[PDB]
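Undergrad: no sequence for this one, just the structure:
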Ligand SMILES: Nc1nc2c(ncn2[C@@H]2O[C@H](COP(=O)(O)OP(=O)(O)OP(=O)(O)O)[C@@H](O)[C@H]2O)c(=O)[nH]1
Ligand SMILES: Nc1nc2c(ncn2[C@@H]2O[C@H](COP(=O)(O)OP(=O)(O)OP(=O)(O)O)[C@@H](O)[C@H]2O)c(=O)[nH]1
Ligand SMILES: Nc1nc2c(ncn2[C@@H]2O[C@H](COP(=O)(O)OP(=O)(O)OP(=O)(O)O)[C@@H](O)[C@H]2O)c(=O)[nH]1
């Protein structure tokens, strides 16, 4: 509760799309263990 | 009769120079902006002096 | 091969497709640059992306979807985002004028000189495709721009492409909430124009989506980020059969063969069972039995329809994750023995099962739980005629008092088209009534 | 051998040939001085230049072209340019008096005393040549000096040498833009005079050239530099068969035999498919299929004609770059079987292919793309008659109220073959529909 | 003026018949896609030709196919000839409207200037300086 | 219900109806042939008897 | 792209236009000199709806100022933002109005409408494709009504395909200062409803009351009142300029507002009005907003629709909000107040949310109202009109101008029709 108390935004001129959809970390990415693995043609 | 096509090394040489071409195209804009705004500054100063004379 | 094209008509239908395409890259290895790491998956464009993305010799995955919009604000704004470099520039079909919520304005005034351009886009996408099972049409019934422009283009793509499937998805008008009183007018206009062309139309309502949010997800103040995420999960699940495999694999063609009983009516209902918070999933357990009960729990539907006021026809289960047929076949048998579950006597069996071993994944910075066993509850019931029932006694009022007609007759319509739809509707409920009678 | 002589008539036709020879020097690496590097390719004039340049014992690549103009300004400007040392001085045939946009003034008043001069140039060019398959005529229908001057010459060129080809290239009059109103006068004078003598007359229209540029090349402010480079690349592509070889080698004689069906009408239309911007070429890929769709896409034609309002007779494509016959013959098989493309049923096949291995290159200071698979689309259709149909109704009004006749009757004419011109034209449309009539 | 309202509705209904008959053309000239064409059992269904077998003449389905295409093309010509005339007539009525309206408006400002000088005040010179300019002359002459 | 199907001529849904208007004749000859297949098949059968 | 050209009419709009534009400039952060200080990309990108580009990053207001009295022009020109305005757009007359409607409608207009039409068409050709126009003036204002009725008429045939927004203030019901003001309003409103499509109705007495209700500062300036109406007028314009999922077009709004053409007169509603301690005594929540948004004291337009019923209601929400609270607030108010709407139309709410907050506050909104509360307005002017037309006081001037009783007959007869029109639809 104490940190949120400020409730004073720094960059108020932010579109939700920028806030909602920023660039996600690279290391948090899913691996295709069994997603129809067809290395052969 | 047997030529099987180019190699990618040419294609990498291909893709690069367009990246260049865009860059000098970008500065070509920007410099003209400078060239254009110079004319106004010349127009500003001559008009200013004209008001001095008036 | 097994690929499709997605259609996103209406600025309402573009942020949802944005989120869906954000979600899709979160399992396909995709970086925001447009390429993999040094790991070898690029080529002629043939891997898990080949059904979804187009990663040609250039190495950049080109999504197989087109975002069409008529107000440049959002589309230019998303053209400045994070994945905009992936998005093809003029696949992001923008516009400079709106439809004023007017279906006809979006169908007659401006759609003429724009559809030809997008017709060029689809053919250049159609030719590069190989199997192209069908189309994924994302729209909205109460579309300010989704309504009118879609109807013309779906007509145009129907006449030139009358054999492949067309998948329709629209936010259904809220039963009690109306941000615009002009919404019903165009909504019935959309329905009557689409009943004879649309293949499979799927509907959804945000209110009970929000009701879920503070019931089990326990969020009193969610957002579209959550709202867009969950439908993106829903469409991700139905598309997992293309991406992954399972004990048995199913395709959209089987869905349309098995879900729709009779012509005209093509309006089933989807539902995702394991909708729960992370902590609730943490110190509890998931198995087929309870998620089966949850997916058939009437309050878990995003649709305001009481199944006990209607009767079931179909129920399609798509189990994505680790499961065995034993408990599946055992649990459904118990569900058949359930007496509250009221299918029509016409159908002895109505269960379409799709098994997929891929465990559904979380999204970074997400809100969903940690799912190993998931299922999408695709079903059709007679408890839906009330949705068309509520809008007619709505609509018949305003048409009698002919509200806002000066607007529509102002830019070039007449009342006959409005007339046609009402008995078309009057045909719909009686058909719903007649098929409801056994 | 495989050489020709180029002719550039009209101060409109002089900057274009300047640009074309500028383009031509790059692929051969011609230094502006006039000589190769210390590399050994000079001799008696027998290498890639032997077909185009005359790099004789002097070691200076002398182009086999003649620039003729009636006003000294531009020619005196270009002879102060960069490659003026390459150009032969009196091959740059200059003038001091204009034709004032008048066809007959450039045909009677001054052309008499200069035609003997240029006839000296051609025969002195004729003697040094060996095979000299034909000639390259660049003019303009709205020729202030190009129209009248070339008319007498080509007549004199027809009578003395009727045993070889004459290739005609002019900017077609803009259908709705008219920078001159005597342009309909001199234009119809050119067409009727040329009909029985011109071997192959090819036209282009600038408006759609502009329309392409801000469509795909994305330049809202081009110039002749870009405009002339486009057409300069067009003539470069058709001359690549002379420059390099391919899987098969095709020649203008084959072009003539296989393009013109019957007497008079010898007016196909060229088109270049891979006209795309740089960055668009960057994150996208080129192959035979889509350029084949693009080449037949109606908006890619620089002449305002609708192929669905006409019917096809012949189509000649010049594949420059790396292609395999497998995708070529397969793609055209789809094209031949295409429903919309309405070939005349008189021709079962109408396709003439020219393969060239050499990839098309860019020019320094240019704006084109870097094409590995290019094609020039030579085709003739019945959708062209509307232009002359547009021409006549412009002329029939003007001529009835006989504007500017005092100008023409002033210096030695009257309205006589202004009449024969229109039924010569009226012959054209009736022939055009009769061949259209199956 | 009452007519000017009336024709629009006629135009609105007249135009609508045209659009779906172009659609009706598409629904009778195939989907214009050969490479998807097969899935609908390429016209002549394999079953039909193997049904032919002993053959002995064939189906008049091609005959109705030709006939149906012929009919719709005919109606296309009929309406287009009728359609083109309508816009020309409409604009003439639209143009005639403008001439009528402006005519009285210019004519209107005549009586009013008189009463501006009946009043007990006003004398000679005020009239003549303003005779040559009482309204900017420029009778609006469809100015643009 | 007013009687509507008389002739007019516009047929927005026409190919599909005609397609099934092939279905009766294609099956029609099949029924007749099997009658002949019936009489010929047994004929040889008991013929092989003696 | 679609843009707007503004008109400053009457001597009231001369103050209003001055305040309205400086609010926009301060909103967009341009200094009074005109050299924009690049700080916000979104407003940098959506200034072209109202402003063109001048040399050196100066943003020219595409508005027209018109008057007859030079002193008001000099005062606004000598103002802090007269420099950003153009002498090209300062069209004025060589006469004093006497604030005669007819003189401004027939006498002085004749030699000035030509000039202003050239100016606007030059400005019209300066831009590509307008949404339409908006005009700031007064219905009881002698010069503004006189020219406006002329100008709105001429623009109609010139461009009948755009938005003819009108911003007019209703004079004080208790006192009008101008005794011929009831004559002026009756004359204007005849052509107004015939020419207009949208009309904002504003009264000064409520503004004084609002100063009493919440400002609590005893003596304000009329510019402060202009600050309020500019803020209200700015709020509705925030939709077009700003991003966020709210469909902004006034036609998008108007088709939601106008079931019948005669519905042109609309009533505003604004966002938190805050007193001296309540700036830091307020817990800014959508409930207390929505509560304050539908307050019988929060209105400023004419009077209490408590006497009547609610035809159409639309509110735009400017700031960081969400679909759920605005939805439930609508559910709350619909259940709170169901019967006092009309049974003719339920679900009469139109909701829009602008995600971009203003400068100084975060959670804001704006409301536009169309309720059956105009009956008190034109019935009031009816008794005033009939009483003065009972004995034809102050009539010799207009006869001197060229006026006779006949035009009043249809002017009031059309007015009487609207009285019965407004009543019979609701009643
Ligand atoms: N699909 C979708 N709909 C939303 C979202 N947020 C709100 N909505 C609702 O969806 C509807 C969108 O329909 P329209 O407003 O007609 O969309 P449009 O036709 O593309 O044109 P616009 O009015 O400019 O948006 C609105 O009425 C909202 O009630 C969202 O994120 N996605
Ligand atoms: N070929 C060519 N044509 C151009 C160029 N620039 C403009 N044009 C068009 O070509 C036409 C020029 O024809 P003419 O004016 O008759 O040229 P001319 O007969 O040699 O003599 P002039 O009248 O002096 O120019 C103009 O009408 C332009 O529309 C260009 O660079 N090359
Ligand atoms: N600018 C301004 N106008 C005010 C103020 N107070 C009241 N008003 C009214 O605003 C109205 C509109 O101004 P205009 O239309 O320009 O005035 P007008 O046409 O010359 O006619 P008048 O009403 O006599 O001034 C006037 O009628 C005034 O009554 C104020 O403080 N400032």
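TA: Done, it's in. Numbering: from 1, shown residues only, chains lettered A, B, ... in the order given. Ligands and ions are numbered 1, 2, ... in the order given.
Undergrad: For chain C, give the helix that spans the most residues.
TA: Across chain C, the longest stretch assigned as helix under DSSP state H is helix C:415-436.
Undergrad: can you pull out the helices in chain B?
TA: Per DSSP H, chain B carries helices over the ranges B:8-53.
Undergrad: so is the spatially closest residue to residue F:12 that is not a sequence neighbour in a helix, a strand, or just coil?
TA: Nearest residue to residue F:12, sequence neighbours excluded (C-beta to C-beta, 6 or more residues apart in numbering or on different chains): residue E:24, at 5.2 Å. In short, each C-beta sits where N, CA and C put it, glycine included. Reducing the assignment to helix, strand or coil with DSSP: H, G, I helix; E, B strand; the rest coil, the entry for residue E:24 is helix.
Undergrad: residues contacting residue E:24?
TA: Counting by C-beta atoms under 8 Å, 6 or more residues apart in numbering or on different chains, residue E:24 makes contact with E:72, F:10, F:12.
Undergrad: For those, pick the one with the most neighbours.
TA: Using other C-beta atoms under 10 Å in any protein chain shown as the neighbour test, these are led by residue E:72, with 17 neighbours.
Undergrad: any idea how far the residue nearest to that one when sequence neighbours are not counted is from chain F?
TA: The spatial neighbour of residue E:72 that comes closest, neighbours along the chain excluded (C-beta to C-beta, 6+ apart), is residue E:25 at 5.9 Å. In this structure, residue E:25 and chain F are 10 Å apart, going by C-beta to the nearest C-beta, to the nearest Å.
Undergrad: neighbours of residue E:25, just the number please.
TA: Here the neighbour count serves as a burial measure; for residue E:25 (other C-beta under 10 Å) it reads 14.
Undergrad: Just confirm residue G:421 is within a helix.
TA: Yes - secondary structure of residue G:421, determined by three-state DSSP: located in a helix.
Undergrad: is it true that it touches residue G:262?
TA: Yes - using C-beta atoms under 8 Å, residue G:421 and residue G:262 qualify as a contacting pair, with a distance of 5.9 Å.
Undergrad: Need the residues that contact the one helix or strand residue C:281 maps to.
TA: In this assignment (DSSP states H and E), residue C:281 forms part of helix C:278-282. When contacts are defined by C-beta under 8 Å, 6+ apart, helix C:278-282 is touched by residues C:216, C:274, C:367, C:368, C:369, C:370, C:371.
Undergrad: Distance-wise, check the residue nearest to residue F:12 relative to residue E:86.
TA: As for residue E:24, its distance to residue E:86 is 21 Å (criterion: C-beta to C-beta, to the nearest Å).
Undergrad: re earlier: quick one, which of the contacts of helix C:278-282 are buried?
TA: Of all the contacts of helix C:278-282 considered here, the ones buried according to neighbour count by 16 or more other C-beta atoms under 10 Å in any protein chain shown are C:216, C:274, C:367, C:368, C:369, C:371.
Undergrad: For ligand 1, state which of those is nearest.
TA: The shortest distance between ligand 1 and any of the buried ones among the contacts of helix C:278-282, using C-beta to the nearest ligand atom, involves residue C:367 and amounts to 16.0 Å.
Undergrad: burial of the residue nearest to that closest one when sequence neighbours are not counted, as a residue count?
TA: Counting by C-beta to C-beta, 6+ apart, the nearest residue to residue C:367 once its immediate chain neighbours are dropped is residue C:226, at 5.6 Å. By the measure other C-beta under 10 Å, the count of residues near residue C:226 is 19.
Undergrad: At the geometric centre of chain C, which residue sits there?
TA: residue C:169 (3.0 Å; C-alpha atoms, centre = their mean).
Undergrad: isn't it right next to residue C:202, touching?
TA: Yes - in terms of C-beta under 8 Å, residue C:169 counts as a neighbour of residue C:202; the distance is 4.9 Å.
Undergrad: Contact partners for the residue nearest to residue C:146 when sequence neighbours are not counted?
TA: Taking C-beta to C-beta, 6+ apart, and ignoring the residues beside it in sequence, residue C:146 has residue C:10 as its nearest neighbour in space, at 2.5 Å. Residue C:10 makes contact with C:69, C:138, C:139, C:140, C:143, C:144, C:145, C:146, C:147, C:149, C:150, according to C-beta under 8 Å, 6+ apart.
Undergrad: one more time with 10 Å
TA: The neighbours of residue C:10, taking C-beta atoms under 10 Å, 6 or more residues apart in numbering or on different chains as the test, are C:16-17, C:67-71, C:99, C:106, C:138-140, C:142-150, C:170-171.
Undergrad: which ones are touching the closest residue to residue A:25 other than its chain neighbours?
TA: Closest residue in space to residue A:25, ignoring its immediate chain neighbours: residue C:364 at 6.5 Å, by C-beta to C-beta, 6+ apart. When the contact criterion is C-beta under 10 Å, 6+ apart, the partners of residue C:364 are A:24, A:25, A:27, A:28, A:29, A:30, C:26.
Undergrad: Counting neighbours, which of the residues you listed comes out on top?
TA: Ranked by neighbour count under the definition other C-beta under 10 Å, the contacts of residue C:364 are headed by residue C:26 with 20 neighbours.
Undergrad: thinking that one is in contact with residue A:25, fair?
TA: No - contact status for residue C:26 versus residue A:25: not in contact, 11.2 Å apart, counting by C-beta atoms under 10 Å.
Undergrad: which SS state does whatever residue of chain E ends up closest to ligand 1 fall under?
TA: Among residues of chain E, the one nearest ligand 1 by C-beta to the nearest ligand atom turns out to be residue E:19. It sits 21.5 Å away. Assigned with three-state DSSP, residue E:19 falls in the helix class.
Undergrad: Contact partners for the residue nearest to residue C:300 when sequence neighbours are not counted?
TA: If you skip the residues right next to it in sequence, residue C:300 has residue C:294 as its closest partner in space, 5.7 Å away by C-beta to C-beta, 6+ apart. With contact taken as C-beta under 10 Å, 6+ apart, residue C:294 is in contact with C:216, C:271, C:272, C:273, C:274, C:275, C:276, C:286, C:300, C:375, C:377.
Undergrad: closest to chain B among the residues you listed?
TA: residue C:272 (43.6 Å; C-beta to the nearest C-beta).
Undergrad: can you tell me how far residue G:347 sits from residue C:403?
TA: Counting by C-beta to C-beta, the gap from residue G:347 to residue C:403 is 12 Å.
Undergrad: Which neighbours do these two have in common?
TA: Contact criterion C-beta under 10 Å, 6+ apart; residues bridging residue G:347 and residue C:403 by contacting each: residue C:181.
Undergrad: picking that back up, which among the contacts of residue E:24 gets closest to residue D:198?
TA: Out of these, the one with the shortest distance to residue D:198 is residue E:72. That distance is 42.4 Å, counting by C-beta to C-beta.
Undergrad: picking that back up, got a winner among the contacts of residue C:294 for most neighbours?
TA: When neighbours are counted as other C-beta under 10 Å, the busiest of these turns out to be residue C:375, with 27 neighbours.
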